[PDB]
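Chemist: Dumping the structure here so I can ask a few things about it.
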Amino acid sequence: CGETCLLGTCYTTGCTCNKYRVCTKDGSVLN
């Protein structure tokens, strides 16, 4: 879930915003 929280937060479910302002589901960017 290598999406970015450009809007502020991930719109994808289960994806969290990591310090790099990037969504992480499990921890892998390739998700």
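Quick note, in PDB author numbering, the sequence shown goes up one by one and the last residue is 31. Just so you know, even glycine gets a beta-carbon here, dropped at the ideal spot from N, CA and C.
(1) Beta-carbon separation of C1 and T13 under 7 Å?
(2) Between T4 and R21, is the Cβ-Cβ spacing less than 7 Å?
(3) Rounded to whole angstroms, what's the CA-CA distance from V29 to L7? Just pull it up for me.
Modeler: Quick answer:
(1) At the C-beta level, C1 and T13 stay beyond 7 Å of one another.
(2) Taking the C-beta atoms as reference points, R21 is found nearer than 7 Å to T4.
(3) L7 has its alpha-carbon roughly 18 Å from the corresponding atom of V29.
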